[PDB]
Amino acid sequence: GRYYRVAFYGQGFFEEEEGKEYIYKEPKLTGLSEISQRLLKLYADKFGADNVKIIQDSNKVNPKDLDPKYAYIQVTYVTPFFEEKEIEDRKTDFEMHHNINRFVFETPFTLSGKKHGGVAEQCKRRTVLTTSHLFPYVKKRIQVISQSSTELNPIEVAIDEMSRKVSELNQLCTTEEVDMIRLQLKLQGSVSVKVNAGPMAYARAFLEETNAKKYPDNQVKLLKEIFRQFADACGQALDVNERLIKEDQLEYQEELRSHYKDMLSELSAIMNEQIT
């Protein structure tokens, strides 16, 4: 199913649930608005709709921020969390769905206090919540009894996002039957970004030699290598898309190849390596 963190804060409202935090287990592909509205309704029936509020912020709640005139329900989507030692022993999807008591979500933050910033300023927390019992369970929810967190600095976020893009594009290219619409969606969103900052935004924030050195050389080293792999994985996905496209997507493909080649040119100048 789908798992949600729900936490209750409402001194003159909740009883047993007050101060508590749970992982709710929802039906397959249930969305955030479907559980938020139900919870909102369910507790609006106990306390009155005017007195119940959702907390969208996923950072740990500080009760000093809450109006004592309202009960509050914090809701946040979480996913089953496994470390690399667990991910090897667990085999099937049924094994990722069974006997699980840890769950992860991510929070955006910057060291200025702002939640969101450009790539050179944007950090990310990973909070792992642990329940008192393993799922599946007789109950719909299980109390969270501990939490653990790590944070990523901007270049660690850059490393993390670029590394997963490599693995994604690599995976698409070696699946037996490739879903063309999925391949182009991630290909065009890699070599041809126009709304968001673009993968080159990481290269310019961290790999340029005309920036003030700010990050360990070993991390700058590793981000460079990942970018070399990214440029590789773009060219392979590009060529796979060559074989798949019909005549209606010749001009779109050639436009994707021209954006790819500009990207590799710009990367080449920043890294002082000729890239592909």
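Note that residue numbering follows the sequence shown and begins at 1.
Across the two stretches, 159-167 and 71-79, the PDB entry reports the greater mean Cα temperature factor for 159-167. For the segment pair 134-142 and 119-127, the entry gives 134-142 the higher mean B-factor, averaged over Cα atoms. By the numbers in the PDB entry, the CA B factor is greatest at 87 among 152, 87, 180, 197. Highest CA B-factor among 94, 206, 103, 109, as stated in the entry: 94. When the modelled residues of the chain are ordered by their C-alpha B factor, residue 227 lands in the middle third. Sort the modelled residues of the chain by CA B factor and residue 257 lands in the middle third. Placement of the Cα temperature factor of residue 263 within the chain: middle third of the modelled residues, per the deposited record. When the modelled residues of the chain are ordered by their C-alpha B factor, residue 27 lands in the lowest third. Residue 48 sits in the highest third of its chain by CA B factor, as recorded in the PDB entry.
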